[PDB]
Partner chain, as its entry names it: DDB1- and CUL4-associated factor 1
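Listed next as structure tokens is one chain, alone, in the form deposited without the partner chain.
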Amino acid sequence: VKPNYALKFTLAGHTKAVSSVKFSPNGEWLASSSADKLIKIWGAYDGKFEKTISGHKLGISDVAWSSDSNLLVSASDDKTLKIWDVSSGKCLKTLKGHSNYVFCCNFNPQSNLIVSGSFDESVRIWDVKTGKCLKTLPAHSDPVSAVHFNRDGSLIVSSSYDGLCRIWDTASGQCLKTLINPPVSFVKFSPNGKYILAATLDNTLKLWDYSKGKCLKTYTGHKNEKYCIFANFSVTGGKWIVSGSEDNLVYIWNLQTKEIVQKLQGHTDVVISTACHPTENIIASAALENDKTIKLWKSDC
């Protein structure tokens, strides 16, 4: 009926705003990115600081893991993405081509491709092995806020401040659907690929049916009018939607009923990012400059 997330650890180390937190697919690590130009790696279970990964020339908006947990990609205001070997901390490739800040990034499940979105209004698809751009999609008419591959890698969903979410065939780059306009600040496919979760800067999350192009559920009660705040499908226990919020709380909703089931109190600034652990009922959350911490929470269900 309700989870009971409780605070387990508070982590500190970044020196400017955190932008993203992500658990590795193998469950071992949490990665964080920051405006301080750094990626930090932390133990997923006890929060133990592991390493700092450095090389970008300006702040980082997003980081994402390869499926085997060995690689990270980061998206930076320096107009590049970087592919990193996590074990060595070394930059393997610098992905050059965007003409403005890179805001979002993700590997496909196969992890042979990366997708990126930029302030330059394009979505790019990159070959991981060569580090070269394969396609540039003229995807949007305003900054691209999120990019995500579906469960088998065959489709990409993008979102933009232009108010649109677009679905693309990965192999051909063709736009198969546009969901119709408040700025869309985040989007991702549901685990089964049939639905799309989208955040808009009007304090609203929406669950869309891809095949019907129609909104099925809305989730409200939180505050989101300014920042790029991701939303997650929590699937290890009860089926929830999880999101940060501009009122310093983590919100958790019942996916089916849309009711709020928990609000996590503890942060002292906007909760800018949350992530859900792949096997345990564990949430990571990060707050802005008045707070400066990442918090790890645990629920029994």
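Positions refer to the first chain, counted from 1.
There is also a form solved in complex with the partner chain; it is not shown, and the following applies to it.
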With the partner omitted here, the residue among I260, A35, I41, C276 that in the deposited complex has a heavy atom within 4.5 Å of the partner chain is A35
Would you confirm whether the three residues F23, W65 and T204 all fall within 4.5 Å of the partner chain in the deposited complex, going by non-hydrogen atoms?
no
Can any non-hydrogen atom of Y161 be found within 4.5 angstroms of the partner chain in the deposited complex?
yes
In the deposited complex, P143 touching the partner chain (heavy atom, 4.5 Å):
yes
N290 versus the partner chain, in the deposited complex: is there a non-hydrogen atom within 4.5 Å?
yes
Would you mind checking 69-95 for residues with a heavy atom within 4.5 Å of the partner chain in the deposited complex?
none
